[PDB]
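Student: Right, I'll just put the structure down here and ask away after.
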Amino acid sequence: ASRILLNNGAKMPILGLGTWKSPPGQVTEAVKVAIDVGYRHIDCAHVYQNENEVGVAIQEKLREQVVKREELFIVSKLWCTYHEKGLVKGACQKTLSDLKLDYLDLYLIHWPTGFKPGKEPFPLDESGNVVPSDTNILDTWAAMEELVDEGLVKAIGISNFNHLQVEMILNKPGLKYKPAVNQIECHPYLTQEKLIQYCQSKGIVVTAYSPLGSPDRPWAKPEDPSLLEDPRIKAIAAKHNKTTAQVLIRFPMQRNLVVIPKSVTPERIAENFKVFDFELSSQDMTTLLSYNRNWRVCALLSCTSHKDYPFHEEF
Ligand SMILES: NC(=O)c1ccc[n+]([C@@H]2O[C@H](COP(=O)([O-])OP(=O)(O)OC[C@H]3O[C@@H](n4cnc5c(N)ncnc54)[C@H](OP(=O)(O)O)[C@@H]3O)[C@@H](O)[C@H]2O)c1
Ligand SMILES: O=C(O)COc1cc(Cl)ccc1C(=O)NCc1cccc([N+](=O)[O-])c1
């Protein structure tokens, strides 16, 4: 089954294309190829500074009569320097204009941490400390709600929120919209059982990012664990006559998660979609879950003093 039901009545494709680190030089072709081999879900963000070129590819394929807009599920995220109430609509409209779209299917608060407003996406002081803003999760949420009520986005959600921060929103007096999605890091080294359990028990759909371990993350150390090269996972792949990436993509799919693997390589975009023709076994699933090391690709020491830093909490 290709799509999962959101609490706003819309259906979200469970496999989408990630675009973080897809060079503007190469992401238009990536998205074009993706659409051609069946992707309908693209995960974007303003901070990825490639939304224009993503938009280029979508516009063309609409022009080519390959897909219709209603068939596409486009996601973007509000960046941290835009959490102020008065900045949210603008930030959304910039993303929309960049993507050459009239609406987004899903708009996420990218991180719970508000940063000092300005051009700089990551304002720092002088001990690697991020300069926060005097914003909070509740007021930002209300600003997102307004986006729905003005037709700019069909659904809103969060990303990198811990369970207490999700609770804050759920329990907000005067809540208009429940978050539809919480997009978090998830893979066999960070299996997220308690947070998934929590969100799923709230009717909030979970999207797994960095499902392949983000080998191209710009802060990688050669000593860090490498999922795509893990022998134990290669072994599971070979018994299924699939690649390790295919296994890493299929795994969250069988946990009722959405997954959004990134590639700019045409061969890999096509391969990564070919995951609806095999099933991981019960023994495979518990084996992969047992690799959890609580290891994060995405966690900034420069943010660990921010009041809304998400990862002090167990989950
Ligand atoms: N909400 C947030 O905070 C957040 C944070 C991180 C990521 N995300 C989203 O999640 C997406 C996925 O995560 P990610 O970009 O961190 O990393 P990922 O999807 O785990 O890994 C992408 C890396 O894997 C390589 N790769 C892809 N398919 C492969 C295959 N079949 N075989 C071997 N290598 C393969 C890619 O290389 P090539 O591209 O060179 O082929 C790229 O270097 C992002 O792009 C973004 O959309 C969201
Ligand atoms: O966030 C992503 O989607 C991918 O990671 C990116 C991508 C781009 Cl273009 C620029 C910067 C980052 C990054 O350092 N994200 C991590 C991060 C951010 C904010 C707070 C935190 N935090 O831990 O509080 C972590």
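Residues in the structure tokens are numbered from 1 in each chain, the chains being A, B, ... in the order shown, and ligands are numbered from 1 in the order shown.
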Which residues in range 106-165 of chain A does DSSP call strand (DSSP E)? List them as a VMD selection string.

Tutor: chain A and resid 106 to 109 156 to 159

Student: Step by step, measure atom-to-atom distances between ligand 2 and each residue using only C-alpha atoms and all ligand atoms, keep those at most 9 Å, then write them as a ChimeraX atom specification.

Tutor: /A:20-21,44-49,77,79-80,110-115,121-122,130,159-160,209,217-219,297-306,308-311

Student: Collect all residues with atoms no farther than 8 Å from ligand 1, counting only C-alpha atoms and all ligand atoms, and output them as a ChimeraX atom specification.

Tutor: /A:17-22,42-45,77,110-111,159-160,183-185,208-217,228,243-246,260-269,271-272,297-298

Student: Taking C-alpha atoms for each residue, export the selection above as a PDB file, in the first residue's frame.

Tutor:
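Below you can see result_9.pdb, which holds the result:
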ATOM      1  CA  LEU A  17      12.626  11.678  -2.198  1.00  0.00           C
ATOM      2  CA  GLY A  18      14.924  13.569   0.136  1.00  0.00           C
ATOM      3  CA  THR A  19      16.708  16.656  -1.205  1.00  0.00           C
ATOM      4  CA  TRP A  20      19.084  17.759   1.586  1.00  0.00           C
ATOM      5  CA  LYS A  21      22.580  18.090   0.047  1.00  0.00           C
ATOM      6  CA  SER A  22      21.283  17.665  -3.533  1.00  0.00           C
ATOM      7  CA  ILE A  42       9.359  15.157  -2.344  1.00  0.00           C
ATOM      8  CA  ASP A  43      10.773  16.349   0.970  1.00  0.00           C
ATOM      9  CA  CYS A  44      12.077  19.915   0.749  1.00  0.00           C
ATOM     10  CA  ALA A  45      13.239  22.696   3.021  1.00  0.00           C
ATOM     11  CA  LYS A  77       9.861  23.076   6.600  1.00  0.00           C
ATOM     12  CA  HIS A 110      11.803  22.046  10.958  1.00  0.00           C
ATOM     13  CA  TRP A 111      13.343  22.102  14.429  1.00  0.00           C
ATOM     14  CA  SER A 159      10.158  17.652  12.961  1.00  0.00           C
ATOM     15  CA  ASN A 160      12.698  16.724  15.648  1.00  0.00           C
ATOM     16  CA  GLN A 183       9.510  13.782  10.951  1.00  0.00           C
ATOM     17  CA  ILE A 184      12.418  12.288  12.911  1.00  0.00           C
ATOM     18  CA  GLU A 185      15.721  10.560  12.444  1.00  0.00           C
ATOM     19  CA  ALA A 208      11.923   8.578   9.087  1.00  0.00           C
ATOM     20  CA  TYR A 209      14.750  10.774   7.808  1.00  0.00           C
ATOM     21  CA  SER A 210      18.352   9.764   7.137  1.00  0.00           C
ATOM     22  CA  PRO A 211      17.197   6.149   6.659  1.00  0.00           C
ATOM     23  CA  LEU A 212      20.546   5.280   5.098  1.00  0.00           C
ATOM     24  CA  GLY A 213      22.630   6.917   7.812  1.00  0.00           C
ATOM     25  CA  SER A 214      23.358  10.113   5.845  1.00  0.00           C
ATOM     26  CA  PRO A 215      26.837   9.106   4.708  1.00  0.00           C
ATOM     27  CA  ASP A 216      27.148  12.508   2.963  1.00  0.00           C
ATOM     28  CA  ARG A 217      26.409  14.513   6.109  1.00  0.00           C
ATOM     29  CA  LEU A 228      25.353   1.127   4.269  1.00  0.00           C
ATOM     30  CA  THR A 243      20.869  -3.924  -1.984  1.00  0.00           C
ATOM     31  CA  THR A 244      21.525  -2.723   1.549  1.00  0.00           C
ATOM     32  CA  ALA A 245      19.787   0.598   0.712  1.00  0.00           C
ATOM     33  CA  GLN A 246      16.607  -1.279  -0.375  1.00  0.00           C
ATOM     34  CA  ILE A 260      12.471   9.702   2.551  1.00  0.00           C
ATOM     35  CA  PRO A 261      15.833   8.487   1.177  1.00  0.00           C
ATOM     36  CA  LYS A 262      17.964  11.080  -0.646  1.00  0.00           C
ATOM     37  CA  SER A 263      19.841  10.565  -3.891  1.00  0.00           C
ATOM     38  CA  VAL A 264      20.924  12.683  -6.900  1.00  0.00           C
ATOM     39  CA  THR A 265      22.255   9.584  -8.783  1.00  0.00           C
ATOM     40  CA  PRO A 266      19.721   8.386 -11.420  1.00  0.00           C
ATOM     41  CA  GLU A 267      20.514   4.681 -10.904  1.00  0.00           C
ATOM     42  CA  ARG A 268      20.037   4.970  -7.169  1.00  0.00           C
ATOM     43  CA  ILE A 269      16.815   6.965  -7.369  1.00  0.00           C
ATOM     44  CA  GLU A 271      16.704   1.365  -7.226  1.00  0.00           C
ATOM     45  CA  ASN A 272      15.552   3.027  -4.026  1.00  0.00           C
ATOM     46  CA  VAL A 297      23.416  11.904  12.502  1.00  0.00           C
ATOM     47  CA  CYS A 298      21.488  15.094  13.269  1.00  0.00           C
TER      48      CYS A 298
END

Student: CA of residue 292 in chain A to CA of residue 188 in chain A: how many Å, to one decimal?

Tutor: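 So the two atoms, CA of residue 292 in chain A and CA of residue 188 in chain A, lie 5.4 Å apart.
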
Student: Enumerate, as a VMD selection string, the complete set of residues in range 1-204 of chain A that a backbone-based DSSP assignment places in alpha helix (DSSP H).

Tutor: chain A and resid 24 to 37 51 to 63 85 to 99 137 to 149 163 to 170 193 to 201

Student: Excluding residue 101 in chain A and any residue of its chain fewer than 6 positions from it, enumerate the residues within 10 Å of it, using only C-alpha atoms, and give them as a list in words.

Tutor: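 So the residues in contact are residues 55, 58, 59, 69, 74, 93, 95 and 152 of chain A.
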
Student: Excluding residue 153 in chain A and residues on its chain fewer than 4 positions from it, collect all residues at most 9 Å away from it, counting only C-alpha atoms, and give them as a ChimeraX atom specification.

Tutor: /A:92,102-107,147-149

Student: How about saving the chosen residues, C-alpha atoms kept, as a PDB file, in the first residue's frame?

Tutor:
ATOM      1  CA  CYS A  92       6.053  29.899   3.753  1.00  0.00           C
ATOM      2  CA  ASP A 102       0.230  27.523  -4.910  1.00  0.00           C
ATOM      3  CA  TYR A 103       0.101  25.216  -1.922  1.00  0.00           C
ATOM      4  CA  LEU A 104       2.143  22.682   0.046  1.00  0.00           C
ATOM      5  CA  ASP A 105       0.736  19.311   1.000  1.00  0.00           C
ATOM      6  CA  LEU A 106       2.647  19.448   4.315  1.00  0.00           C
ATOM      7  CA  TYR A 107       4.593  22.207   6.117  1.00  0.00           C
ATOM      8  CA  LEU A 147      -1.267  28.807   7.130  1.00  0.00           C
ATOM      9  CA  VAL A 148      -3.865  26.030   6.897  1.00  0.00           C
ATOM     10  CA  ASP A 149      -6.685  28.415   7.568  1.00  0.00           C
TER      11      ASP A 149
END

Student: Show me, as a PyMOL selection string, the residues that have an atom within 12 Å of residue 287 in chain A when counting only C-alpha atoms, minus same-chain residues fewer than 2 positions from it.

Tutor: chain A and resi 188-189+191+232-233+235-236+251+280-285+289-292

Student: Could you dump the residues just selected with N, CA and C atoms as a short mmCIF file (atom, residue, chain, number, x, y, z; two decimals), in the first residue's frame?

Tutor:
data_model
loop_
_atom_site.label_atom_id
_atom_site.label_comp_id
_atom_site.auth_asym_id
_atom_site.auth_seq_id
_atom_site.Cartn_x
_atom_site.Cartn_y
_atom_site.Cartn_z
N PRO A 188 18.37 1.68 11.67
CA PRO A 188 18.68 0.64 12.67
C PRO A 188 19.59 0.98 13.83
N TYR A 189 20.44 1.97 13.76
CA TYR A 189 21.21 2.56 14.84
C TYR A 189 20.48 3.59 15.70
N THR A 191 16.54 3.55 16.55
CA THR A 191 15.29 2.92 16.14
C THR A 191 14.02 3.60 16.66
N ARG A 232 26.45 -6.88 8.73
CA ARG A 232 25.25 -7.59 9.16
C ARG A 232 24.06 -7.25 8.29
N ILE A 233 24.05 -6.00 7.81
CA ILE A 233 22.91 -5.59 6.98
C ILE A 233 23.13 -6.02 5.54
N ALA A 235 24.42 -8.71 4.76
CA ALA A 235 24.03 -10.11 4.79
C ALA A 235 22.51 -10.25 4.65
N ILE A 236 21.75 -9.38 5.32
CA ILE A 236 20.29 -9.48 5.15
C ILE A 236 19.95 -9.19 3.70
N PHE A 251 12.70 -1.27 5.66
CA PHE A 251 12.58 -1.50 7.10
C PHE A 251 11.57 -0.54 7.72
N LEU A 280 10.66 -7.93 4.31
CA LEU A 280 11.60 -8.38 5.34
C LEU A 280 10.88 -9.32 6.29
N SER A 281 11.61 -10.37 6.72
CA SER A 281 10.99 -11.34 7.61
C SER A 281 10.93 -10.84 9.04
N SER A 282 10.13 -11.52 9.84
CA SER A 282 10.10 -11.23 11.26
C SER A 282 11.50 -11.25 11.87
N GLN A 283 12.30 -12.25 11.49
CA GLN A 283 13.65 -12.32 12.05
C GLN A 283 14.50 -11.15 11.54
N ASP A 284 14.29 -10.69 10.33
CA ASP A 284 15.02 -9.55 9.81
C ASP A 284 14.67 -8.29 10.60
N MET A 285 13.36 -8.09 10.79
CA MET A 285 12.92 -6.90 11.50
C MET A 285 13.45 -6.89 12.92
N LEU A 289 16.15 -4.11 14.35
CA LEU A 289 15.84 -3.28 15.52
C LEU A 289 16.90 -3.47 16.59
N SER A 290 17.53 -4.66 16.62
CA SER A 290 18.49 -4.90 17.70
C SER A 290 19.81 -4.17 17.47
N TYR A 291 19.96 -3.49 16.34
CA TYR A 291 21.20 -2.74 16.08
C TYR A 291 21.17 -1.36 16.67
N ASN A 292 20.09 -1.01 17.36
CA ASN A 292 19.98 0.33 17.90
C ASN A 292 21.17 0.67 18.81
#

Student: To one decimal in Å, tell me the separation between CA of residue 154 in chain A and CA of residue 83 in chain A.

Tutor: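 That distance, rounded to one decimal, is 19.4 Å.
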